[PDB]
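With compact mmCIF, C-alpha atoms and all ligand atoms inside, this is work03.txt:
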```txt
# COMPACT_ATOMS: atom_id res chain seq x y z
CA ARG A 384 -66.96 1.18 -23.97
CA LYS A 385 -65.64 -1.30 -26.52
CA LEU A 386 -63.59 1.57 -27.96
CA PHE A 387 -62.27 2.04 -24.42
CA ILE A 388 -61.39 -1.66 -24.45
CA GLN A 389 -59.02 -1.01 -27.37
CA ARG A 390 -56.63 0.63 -24.91
CA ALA A 391 -56.76 -2.67 -23.02
CA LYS A 392 -55.52 -4.32 -26.23
CA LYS A 393 -52.79 -1.80 -27.06
CA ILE A 394 -51.70 -1.89 -23.40
CA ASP A 395 -50.56 -5.46 -24.14
CA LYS A 396 -49.79 -5.08 -27.85
CA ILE A 397 -47.17 -2.47 -26.93
CA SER A 398 -45.65 -4.75 -24.29
CA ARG A 399 -45.71 -7.73 -26.65
CA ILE A 400 -43.49 -5.78 -29.07
CA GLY A 401 -41.63 -3.43 -26.72
CA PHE A 402 -41.12 -5.46 -23.56
CA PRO A 403 -38.80 -8.12 -25.08
CA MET A 404 -36.97 -5.29 -26.86
CA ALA A 405 -36.30 -3.63 -23.50
CA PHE A 406 -34.51 -6.82 -22.43
CA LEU A 407 -32.54 -7.08 -25.68
CA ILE A 408 -31.30 -3.50 -25.47
CA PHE A 409 -30.31 -4.20 -21.88
CA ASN A 410 -28.58 -7.43 -22.89
CA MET A 411 -26.40 -5.56 -25.40
CA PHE A 412 -25.57 -2.94 -22.76
CA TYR A 413 -24.70 -5.46 -20.02
CA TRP A 414 -21.97 -7.45 -21.75
CA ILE A 415 -20.28 -4.44 -23.36
CA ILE A 416 -19.58 -3.08 -19.87
CA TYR A 417 -18.48 -6.13 -17.87
CA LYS A 418 -16.33 -7.49 -20.71
CA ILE A 419 -13.82 -4.68 -20.03
CA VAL B 2 7.91 6.40 -3.89
CA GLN B 3 8.33 10.07 -2.98
CA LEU B 4 8.68 12.14 0.19
CA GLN B 5 7.44 15.74 0.17
CA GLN B 6 8.53 17.99 3.03
CA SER B 7 7.48 21.51 4.02
CA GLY B 8 9.07 24.83 3.13
CA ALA B 9 11.98 26.43 4.95
CA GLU B 10 11.52 27.55 8.55
CA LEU B 11 12.92 30.69 10.19
CA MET B 12 12.57 30.15 13.94
CA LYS B 13 13.80 32.22 16.87
CA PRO B 14 16.12 30.68 19.48
CA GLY B 15 14.35 28.80 22.25
CA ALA B 16 11.23 28.13 20.18
CA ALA B 17 10.28 24.80 18.59
CA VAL B 18 9.58 23.95 14.95
CA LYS B 19 7.83 20.87 13.57
CA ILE B 20 8.94 19.58 10.16
CA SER B 21 6.67 17.39 8.04
CA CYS B 22 7.46 14.57 5.60
CA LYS B 23 4.45 14.04 3.33
CA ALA B 24 4.60 10.53 1.86
CA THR B 25 2.89 10.80 -1.53
CA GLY B 26 3.04 7.33 -3.05
CA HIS B 27 2.69 4.92 -0.14
CA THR B 28 0.94 4.63 3.19
CA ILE B 29 3.01 6.39 5.83
CA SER B 30 2.49 3.55 8.33
CA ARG B 31 4.24 1.12 5.96
CA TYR B 32 7.99 1.80 6.07
CA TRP B 33 10.44 3.23 8.58
CA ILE B 34 10.83 6.99 8.13
CA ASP B 35 14.30 8.34 8.91
CA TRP B 36 15.47 11.87 9.74
CA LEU B 37 18.92 13.25 8.95
CA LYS B 38 20.63 16.55 9.74
CA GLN B 39 23.21 18.13 7.43
CA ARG B 40 24.76 21.18 8.86
CA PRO B 41 27.32 22.89 6.61
CA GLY B 42 30.91 22.65 7.74
CA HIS B 43 30.15 19.20 9.13
CA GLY B 44 28.70 16.22 7.27
CA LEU B 45 25.40 14.42 7.44
CA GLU B 46 24.06 13.03 10.70
CA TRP B 47 21.34 10.51 11.54
CA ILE B 48 18.69 11.92 13.88
CA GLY B 49 16.50 8.86 14.31
CA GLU B 50 13.72 6.71 12.88
CA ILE B 51 9.98 6.26 13.38
CA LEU B 52 7.42 3.79 12.12
CA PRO B 53 4.37 6.03 11.59
CA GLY B 54 1.84 3.30 12.38
CA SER B 55 3.19 1.60 15.50
CA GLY B 56 4.48 4.68 17.33
CA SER B 57 7.94 3.13 17.63
CA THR B 58 11.02 5.36 17.43
CA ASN B 59 14.80 5.08 17.71
CA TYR B 60 16.60 8.34 18.46
CA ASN B 61 20.32 8.91 18.21
CA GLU B 62 22.05 9.35 21.56
CA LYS B 63 23.16 12.84 20.50
CA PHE B 64 19.56 13.87 19.70
CA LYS B 65 17.69 12.36 22.66
CA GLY B 66 15.03 14.85 23.73
CA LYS B 67 16.19 17.33 21.11
CA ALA B 68 13.92 15.77 18.46
CA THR B 69 10.52 14.12 18.89
CA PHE B 70 8.93 11.97 16.19
CA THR B 71 5.18 11.74 15.54
CA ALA B 72 2.86 10.65 12.73
CA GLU B 73 -0.65 11.09 11.37
CA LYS B 74 -2.29 8.36 9.29
CA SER B 75 -5.06 10.74 8.17
CA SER B 76 -2.55 12.70 6.05
CA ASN B 77 0.30 10.19 5.52
CA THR B 78 2.98 12.33 7.12
CA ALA B 79 5.68 11.98 9.78
CA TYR B 80 6.62 15.00 11.88
CA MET B 81 9.87 15.93 13.63
CA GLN B 82 9.49 18.63 16.29
CA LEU B 83 12.80 20.19 17.35
CA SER B 84 12.71 21.81 20.78
CA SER B 85 15.10 24.36 22.31
CA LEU B 86 16.12 25.81 18.96
CA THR B 87 19.57 27.39 18.92
CA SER B 88 21.88 28.75 16.23
CA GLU B 89 23.56 25.32 16.18
CA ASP B 90 20.37 23.88 14.63
CA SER B 91 20.97 25.84 11.40
CA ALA B 92 21.10 22.96 8.92
CA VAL B 93 19.05 20.99 6.39
CA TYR B 94 16.71 18.29 7.71
CA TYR B 95 15.98 15.41 5.35
CA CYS B 96 13.52 12.55 5.81
CA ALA B 97 15.25 9.59 4.19
CA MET B 98 13.95 6.02 4.10
CA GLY B 99 15.56 2.61 3.68
CA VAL B 100 13.30 -0.10 2.29
CA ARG B 101 15.65 -3.05 1.68
CA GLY B 102 18.21 -2.16 4.34
CA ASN B 103 19.61 0.45 6.68
CA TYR B 104 20.84 2.58 3.77
CA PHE B 105 18.87 5.64 2.64
CA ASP B 106 17.52 5.30 -0.90
CA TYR B 107 14.41 7.53 -0.70
CA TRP B 108 15.00 11.16 0.28
CA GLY B 109 13.08 14.38 0.72
CA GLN B 110 13.88 17.69 -0.92
CA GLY B 111 15.21 19.07 2.36
CA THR B 112 14.02 21.71 4.82
CA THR B 113 16.41 24.50 5.78
CA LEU B 114 16.29 25.63 9.42
CA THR B 115 17.56 29.18 9.98
CA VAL B 116 18.02 30.14 13.63
CA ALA C 101 3.28 -14.13 5.27
CA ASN C 102 -0.19 -15.21 4.10
CA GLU C 103 0.19 -18.98 4.42
CA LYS C 104 -2.96 -19.44 6.54
CA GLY C 105 -2.09 -23.11 7.11
CA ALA C 106 0.77 -25.28 5.93
CA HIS C 107 2.28 -28.69 6.57
CA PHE C 108 5.32 -30.67 5.50
CA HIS C 109 4.91 -34.02 3.78
CA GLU C 110 6.35 -36.97 5.70
CA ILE C 111 5.19 -40.00 3.72
CA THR C 112 7.76 -42.84 3.87
CA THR C 113 10.43 -40.17 4.53
CA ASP C 114 10.62 -36.43 5.18
CA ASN C 115 10.31 -34.95 1.68
CA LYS C 116 13.54 -32.96 1.98
CA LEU C 117 16.39 -32.51 -0.48
CA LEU C 118 19.98 -31.53 0.27
CA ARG C 119 22.80 -30.93 -2.22
CA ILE C 120 26.04 -29.33 -1.02
CA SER C 121 28.31 -28.28 -3.88
CA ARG C 122 32.08 -28.40 -3.57
CA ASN C 123 32.39 -24.68 -2.74
CA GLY C 124 29.62 -24.66 -0.12
CA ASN C 125 26.60 -23.87 -2.31
CA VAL C 126 23.69 -25.52 -0.52
CA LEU C 127 20.44 -26.54 -2.19
CA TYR C 128 17.26 -27.09 -0.21
CA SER C 129 14.04 -28.44 -1.73
CA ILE C 130 11.07 -29.29 0.49
CA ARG C 131 7.53 -30.22 -0.54
CA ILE C 132 4.91 -27.97 1.07
CA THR C 133 1.12 -27.88 0.76
CA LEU C 134 -0.08 -24.33 1.39
CA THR C 135 -3.54 -22.85 1.90
CA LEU C 136 -2.51 -19.27 1.14
CA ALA C 137 -5.06 -16.47 1.50
CA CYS C 138 -5.64 -14.01 -1.34
CA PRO C 139 -8.24 -11.23 -0.85
CA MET C 140 -10.57 -11.46 -3.83
CA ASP C 141 -12.26 -8.47 -5.48
CA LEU C 142 -15.71 -9.61 -6.63
CA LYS C 143 -16.86 -6.30 -8.15
CA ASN C 144 -17.57 -8.14 -11.43
CA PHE C 145 -17.93 -11.69 -10.17
CA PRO C 146 -18.54 -14.14 -13.07
CA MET C 147 -16.06 -12.26 -15.28
CA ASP C 148 -13.50 -11.11 -12.70
CA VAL C 149 -9.73 -11.52 -12.94
CA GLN C 150 -8.05 -12.45 -9.68
CA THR C 151 -4.51 -11.91 -8.41
CA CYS C 152 -3.51 -14.31 -5.63
CA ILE C 153 -0.04 -13.92 -4.14
CA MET C 154 2.41 -15.77 -1.93
CA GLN C 155 5.04 -14.01 0.18
CA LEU C 156 8.30 -15.77 1.08
CA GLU C 157 9.25 -13.75 4.15
CA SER C 158 11.97 -14.09 6.78
CA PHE C 159 11.02 -13.94 10.45
CA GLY C 160 13.98 -13.87 12.84
CA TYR C 161 16.65 -12.21 10.67
CA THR C 162 16.78 -8.60 9.54
CA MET C 163 18.03 -7.44 6.13
CA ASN C 164 21.58 -7.16 7.45
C1 LIG D 1 -49.34 2.85 -23.05
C2 LIG D 1 -48.44 2.05 -22.12
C3 LIG D 1 -47.24 1.52 -22.91
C4 LIG D 1 -46.51 0.48 -22.07
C5 LIG D 1 -45.01 0.60 -22.33
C6 LIG D 1 -44.28 -0.57 -21.69
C7 LIG D 1 -42.79 -0.44 -21.98
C8 LIG D 1 -42.00 -1.17 -20.90
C9 LIG D 1 -40.50 -1.06 -21.21
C10 LIG D 1 -39.69 -0.95 -19.93
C11 LIG D 1 -39.71 -2.27 -19.17
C12 LIG D 1 -38.76 -2.18 -17.99
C1 LIG D 2 -43.37 1.45 -28.71
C2 LIG D 2 -42.02 0.73 -28.64
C3 LIG D 2 -41.47 0.86 -27.22
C4 LIG D 2 -39.98 0.52 -27.21
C5 LIG D 2 -39.38 0.97 -25.88
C6 LIG D 2 -37.87 0.72 -25.89
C7 LIG D 2 -37.30 1.05 -24.52
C8 LIG D 2 -35.78 0.84 -24.53
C9 LIG D 2 -35.25 0.94 -23.10
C1 LIG D 3 -27.22 -12.83 -25.96
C2 LIG D 3 -26.94 -11.74 -26.99
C3 LIG D 3 -25.53 -11.21 -26.80
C4 LIG D 3 -25.24 -10.15 -27.87
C5 LIG D 3 -24.17 -9.17 -27.39
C6 LIG D 3 -22.80 -9.85 -27.28
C7 LIG D 3 -21.73 -8.78 -27.02
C8 LIG D 3 -20.39 -9.45 -26.73
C1 LIG D 4 -28.47 -0.30 -17.10
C2 LIG D 4 -27.48 -1.41 -16.79
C3 LIG D 4 -26.21 -0.82 -16.17
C4 LIG D 4 -25.08 -1.85 -16.23
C5 LIG D 4 -23.77 -1.20 -15.79
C6 LIG D 4 -23.72 -1.05 -14.28
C7 LIG D 4 -22.35 -0.53 -13.87
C8 LIG D 4 -22.21 -0.55 -12.35
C1 LIG D 5 -44.92 -10.86 -33.51
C2 LIG D 5 -43.87 -10.50 -32.47
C3 LIG D 5 -43.13 -11.77 -32.03
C4 LIG D 5 -42.02 -11.40 -31.05
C5 LIG D 5 -41.21 -12.64 -30.70
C6 LIG D 5 -39.97 -12.24 -29.91
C7 LIG D 5 -39.33 -13.47 -29.28
```
Starting from the file, lay out its structure as structure tokens.
Amino acid sequence: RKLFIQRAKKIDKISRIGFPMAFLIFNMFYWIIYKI
Amino acid sequence: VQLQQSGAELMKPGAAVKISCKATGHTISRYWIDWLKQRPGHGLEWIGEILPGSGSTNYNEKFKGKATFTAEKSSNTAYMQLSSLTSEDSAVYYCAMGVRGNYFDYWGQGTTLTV
Amino acid sequence: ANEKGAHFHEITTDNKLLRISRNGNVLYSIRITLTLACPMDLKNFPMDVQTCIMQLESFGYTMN
């Protein structure tokens, strides 16, 4: 129900905070390698 | 650049031995590989030369047919197969190499041939 | 050895220089536009470091 909808909110609330982090942790790991 | 040969060879008269010159440091098909014979009592002596990529060889007139040069790009090595082995072939067989001229500036450790 | 295309310059005169010293020492300067070929390694493309070479080789004379 509406409580089941809360997973539909956290399914995006996790991405909204974790998805851009997954690109920042990649961005640190990309330049450290190819700068050598 | 280095040239690694094989161990000594004790061959019976009339047989044929094949000596190897393992080129560890450069592609074998790059430079001319030379072969020299040093029997004691006498001095050194130039057997011939082979380019291990083009199959070209230049044998000394005294060693025509006596020695036969080959090569193998899969292992980077040039072979010299001596046929009709006699007691006269008891000497040391080097595989020299001259990069900037006909001199010999890169040598192998030497392979004794006891017959 | 890897020239891949080359041409003298012949604008208003052959761009050649000759200077023979008193003991025979010859100088020889010619202007050449080359399109040499260097095999590039693009393993890390935007941040690579190339090494392009030119080889001044003789053709019809051996090293003796
Ligand atoms: C409950 C589902 C959580 C969703 C987690 C998303 C994290 C994505 C990071 C990796 C992106 C390539
Ligand atoms: C709940 C936060 C998720 C953060 C995931 C980080 C993944 C790093 C590759
Ligand atoms: C765009 C952010 C780059 C931070 C890492 C730089 C490492 C040289
Ligand atoms: C997870 C990103 C890897 C970047 C390094 C790749 C090296 C071939
Ligand atoms: C409240 C989270 C905002 C994230 C912004 C990252 C650009």
List all protein, DNA and RNA residues that have at least one atom no more than 7 Å from any atom of ligand LIG 5 (chain D), counting all atoms listed in the file, and write them as a PyMOL selection string. chain A and resi 399-400+403
Each residue of chain A with at least one atom at most 6 Å from ligand LIG 3 (chain D) should appear once, together with its nearest atom pair and the corresponding distance in Å (one decimal); atoms considered: all atoms listed in the file; ordering: chain, then increasing residue number; output as CSV.
```
residue,atom,partner,partner_atom,distance
A:411,CA,D:LIG3,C5,4.7
A:414,CA,D:LIG3,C7,5.4
A:415,CA,D:LIG3,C7,5.9
```
Within 8 Å of ligand LIG 4 (chain D), counting only C-alpha atoms and all ligand atoms, residues as a PyMOL selection string: chain A and resi 409+412-413+416-417
Chain A contacts on chain C, only C-alpha atoms, 9 Å, as a ChimeraX atom specification: /C:144,147-148
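Pocket residues of ligand LIG 2 (chain D), taken as those with any atom at most 10 Å away using only C-alpha atoms and all ligand atoms, are residues 396, 397, 398, 399, 400, 401, 402, 403, 404, 405, 406, 407, 408 and 409 of chain A.
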Please output stretch 102-133 of chain C, rebuilt to include N, CA and C atoms, as a tab-separated table (two decimals), in the frame of the given file.
```
chain	number	residue	atom	x	y	z
C	102	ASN	N	1.23	-14.95	4.21
C	102	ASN	CA	-0.19	-15.21	4.10
C	102	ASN	C	-0.44	-16.70	3.90
C	103	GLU	N	0.28	-17.54	4.65
C	103	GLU	CA	0.19	-18.98	4.42
C	103	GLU	C	-1.13	-19.55	4.91
C	104	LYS	N	-1.61	-19.11	6.07
C	104	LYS	CA	-2.96	-19.44	6.54
C	104	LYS	C	-3.13	-20.94	6.80
C	105	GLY	N	-2.04	-21.67	6.97
C	105	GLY	CA	-2.09	-23.11	7.11
C	105	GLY	C	-1.14	-23.81	6.17
C	106	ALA	N	-0.24	-24.62	6.73
C	106	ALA	CA	0.77	-25.28	5.93
C	106	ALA	C	1.28	-26.49	6.69
C	107	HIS	N	1.80	-27.47	5.95
C	107	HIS	CA	2.28	-28.69	6.57
C	107	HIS	C	3.27	-29.38	5.65
C	108	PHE	N	4.38	-29.83	6.23
C	108	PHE	CA	5.32	-30.67	5.50
C	108	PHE	C	4.65	-31.97	5.09
C	109	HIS	N	5.30	-32.67	4.17
C	109	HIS	CA	4.91	-34.02	3.78
C	109	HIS	C	5.95	-35.00	4.30
C	110	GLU	N	5.49	-36.03	5.00
C	110	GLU	CA	6.35	-36.97	5.70
C	110	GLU	C	5.94	-38.40	5.40
C	111	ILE	N	5.72	-38.71	4.13
C	111	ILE	CA	5.19	-40.00	3.72
C	111	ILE	C	6.35	-40.87	3.25
C	112	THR	N	6.70	-41.86	4.08
C	112	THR	CA	7.76	-42.84	3.87
C	112	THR	C	9.14	-42.24	4.08
C	113	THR	N	9.22	-40.91	4.19
C	113	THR	CA	10.43	-40.17	4.53
C	113	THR	C	10.07	-38.69	4.53
C	114	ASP	N	10.78	-37.88	5.30
C	114	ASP	CA	10.62	-36.43	5.18
C	114	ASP	C	11.01	-36.01	3.77
C	115	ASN	N	10.08	-35.35	3.06
C	115	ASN	CA	10.31	-34.95	1.68
C	115	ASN	C	11.24	-33.73	1.65
C	116	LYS	N	12.51	-33.99	1.94
C	116	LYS	CA	13.54	-32.96	1.98
C	116	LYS	C	14.67	-33.34	1.04
C	117	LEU	N	15.30	-32.32	0.47
C	117	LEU	CA	16.39	-32.51	-0.48
C	117	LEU	C	17.58	-31.66	-0.04
C	118	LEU	N	18.77	-32.24	-0.11
C	118	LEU	CA	19.98	-31.53	0.27
C	118	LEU	C	21.07	-31.83	-0.75
C	119	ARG	N	21.76	-30.79	-1.20
C	119	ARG	CA	22.80	-30.93	-2.22
C	119	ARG	C	23.85	-29.86	-1.96
C	120	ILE	N	24.99	-30.25	-1.41
C	120	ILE	CA	26.04	-29.33	-1.02
C	120	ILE	C	27.14	-29.39	-2.07
C	121	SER	N	27.27	-28.33	-2.87
C	121	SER	CA	28.31	-28.28	-3.88
C	121	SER	C	29.69	-28.24	-3.23
C	122	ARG	N	30.72	-28.29	-4.08
C	122	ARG	CA	32.08	-28.40	-3.57
C	122	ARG	C	32.58	-27.11	-2.95
C	123	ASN	N	31.99	-25.97	-3.29
C	123	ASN	CA	32.39	-24.68	-2.74
C	123	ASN	C	31.50	-24.21	-1.61
C	124	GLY	N	30.51	-25.01	-1.21
C	124	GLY	CA	29.62	-24.66	-0.12
C	124	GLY	C	28.20	-24.36	-0.54
C	125	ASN	N	27.94	-24.23	-1.84
C	125	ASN	CA	26.60	-23.87	-2.31
C	125	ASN	C	25.58	-24.93	-1.93
C	126	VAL	N	24.69	-24.59	-1.03
C	126	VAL	CA	23.69	-25.52	-0.52
C	126	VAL	C	22.41	-25.38	-1.33
C	127	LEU	N	21.78	-26.51	-1.63
C	127	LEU	CA	20.44	-26.54	-2.19
C	127	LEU	C	19.50	-27.12	-1.15
C	128	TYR	N	18.23	-26.74	-1.24
C	128	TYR	CA	17.26	-27.09	-0.21
C	128	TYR	C	15.87	-27.10	-0.85
C	129	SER	N	15.36	-28.29	-1.13
C	129	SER	CA	14.04	-28.44	-1.73
C	129	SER	C	13.16	-29.23	-0.77
C	130	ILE	N	12.03	-28.64	-0.39
C	130	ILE	CA	11.07	-29.29	0.49
C	130	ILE	C	9.68	-29.15	-0.13
C	131	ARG	N	8.87	-30.19	0.02
C	131	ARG	CA	7.53	-30.22	-0.54
C	131	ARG	C	6.54	-29.71	0.50
C	132	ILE	N	5.79	-28.68	0.14
C	132	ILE	CA	4.91	-27.97	1.07
C	132	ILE	C	3.55	-27.81	0.43
C	133	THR	N	2.50	-28.11	1.18
C	133	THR	CA	1.12	-27.88	0.76
C	133	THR	C	0.59	-26.67	1.51
```
